[PDB]
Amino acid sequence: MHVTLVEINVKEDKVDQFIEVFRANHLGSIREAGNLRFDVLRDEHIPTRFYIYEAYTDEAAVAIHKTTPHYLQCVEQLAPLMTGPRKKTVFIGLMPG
């Protein structure tokens, strides 16, 4: 089980659009055969800092995710909404397992 936590910093005046983009990504991603989690989180104190907790069965499912129309559209639409590059931390799942 492959997990990633991705930090995204969003332009204050674009939060509404960011939420729309991630609603579409979340909806598509939770429907994928190899998806296990797709949680959208906010920083406890920074209103424009979000974290996406995504987990997939394995790295093959991650690769599949990155081929999907919803992921590719999100990557496109997210780019201008952000104040800087995404930061990603990878983890390996132990439980469930």
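Residue indices: 1-based, along the sequence shown.
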Problem set entry | Selected stretch [higher average CA B-factor]: 55-63 or 35-43 | 55-63
Problem set entry | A24 by Cα B-factor - lowest, middle or highest third of the modelled chain | middle
For this session: Compare the C-alpha B factor of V10 with those of the other modelled residues in its chain, then answer lowest, middle or highest third.
Result: lowest
Seminar exercise, completed: Chain-relative C-alpha B factor for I92 (record values, thirds): the middle
